[PDB]
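The structure appears below as structure tokens.
Numbering (the deposited numbering), first residue to last: 1 to 80.
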């Protein structure tokens with residue numbers, strides 16, 4: 001799974017809490033073999049999903065990925 005650490009021009013403010021360009025961490029979030037008991041056999045369940053976290057530094061976003069085993073690619077900010 002690949003985790004991307006970046007500072008975009010327009011940042012994930014997350015409920016409008018973030019002030020400056022916060023580092024967003026988007027990753028291949030593994031949703032494994034997990035069918036719904038109501039739906040039974042449901043092919044309508046995509047392999048993985050790309051969810052995201054917000055950290056004040058790159059070092060905190062990569063530290064997550066490393067601790068989880070998620071290999072990561074760093075994308076430098078729009079000001080690097």
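Yeah, the Cβ is synthetic: ideal placement off N, Cα and C, and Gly gets one too.
Buried versus exposed, by CB contacts within 10 Å (16 or more), residue i
{"i": "residue 51", "result": "exposed"}
{"i": "residue 74", "result": "exposed"}
{"i": "residue 35", "result": "exposed"}
{"i": "residue 5", "result": "buried"}
Contacting residues, own chain, Cβ-Cβ under 6 Å from residue i (five flanking each side not counted)
{"i": "residue 77", "result": "7"}
{"i": "residue 16", "result": "none"}
Contact check, residue i vs residue j, beta carbons under 9 Å
{"i": "residue 24", "j": "residue 9", "result": "no"}
{"i": "residue 54", "j": "residue 22", "result": "yes"}
Contact set for residue i: own chain, Cβ-Cβ below 8 Å, skip 5 residues either direction
{"i": "residue 57", "result": "23"}
{"i": "residue 70", "result": "1, 2, 3, 27, 28, 64"}
Neighbourhood of residue i by C-beta, 7 Å cutoff - its chain only, sequence neighbours within 5 removed
{"i": "residue 48", "result": "28, 29, 30, 31"}
Should the region 29-36 be called in touch with the region 58-66, which here means at least 3 C-beta pairs below 8 Å? Output reads no: the region 58-66 does not touch the region 29-36.
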